[PDB]
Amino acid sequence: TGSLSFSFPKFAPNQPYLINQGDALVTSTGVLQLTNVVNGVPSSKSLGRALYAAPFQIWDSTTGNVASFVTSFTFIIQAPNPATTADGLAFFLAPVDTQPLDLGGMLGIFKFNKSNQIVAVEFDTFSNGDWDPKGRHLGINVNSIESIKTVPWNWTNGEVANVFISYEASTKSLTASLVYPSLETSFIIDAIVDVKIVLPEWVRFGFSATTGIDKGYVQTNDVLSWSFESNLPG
């Protein structure tokens, strides 16, 4: 039982409230730069992740209760060539000792090890014909790179996107939405996810992002703000 909440209007660099993995870094301007950028140009074969320093209890084995939570963040994905973007950015939950996995289409969160359980909401900028539908999309993933559900997403180059994710334990309902405030465009996806049967009691959480493996398929994956709130009923 317990709760956790926080809010960061921007990110302060060199402060241990984030666990940076891979190429991830926080700029002097307060931006969480998940993937490498050289002179403004995003680099290929990059992978970066950022986890909140503390994990939270998503369910309790003694009471059997499951936590409900919400998280919101803003992010920007900018690409020199909007026709060739890859690979995506995702918010995810995983074991406390979670470490970066495969590059590219695996978004750094997938690579079946029953110890690498993971639930994620992905903003996929590149269609992987081997497991992706068609075109850019929002996706909800449980233990694999193949989403349990996807919805089309009209990505807008360099535009600030507001994301909201909520999980209602009582209905095991995970909802994810993306809105471009300046453009008044919006997208949403929902799926049933039984976190109690997927994840361990305690989990770390945050962001992961990768750029494409092939030349040209690059984009930035910058998070600008982040708030979170969870509550596990006693």
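A residue's number is simply how far along the shown sequence it sits, counting from 1.
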Residues without coordinates, deposited sequence, stretch from residue 134 to residue 135: is the count none, 1 to 3, 4 to 9, or 10 or more? none
Going by the entry, of stretches 94-102 and 68-76 the one with greater average Cα B-factor is 94-102
Give the stretch, out of 13-21 and 212-220, with the larger mean C-alpha temperature factor in the deposited entry. 212-220
Based on the PDB record, which member of 178, 37, 32, 191 exhibits the highest Cα temperature factor? 37
Options 172, 45, 204, 49 - largest CA temperature factor per the record: 45
Where does residue 112 sit by CA temperature factor within its chain: lowest, middle or highest third? highest
Going by the recorded CA B-factors, say which third of the chain residue 3 sits in, lowest, middle or highest. middle
Residue 152: CA temperature factor from the record, placed by chain third, in the middle
Can you tell me which third, lowest, middle or highest, the CA B-factor of residue 143 falls into for its chain? middle
Lowest, middle or highest third of the chain for the C-alpha temperature factor of residue 86? middle
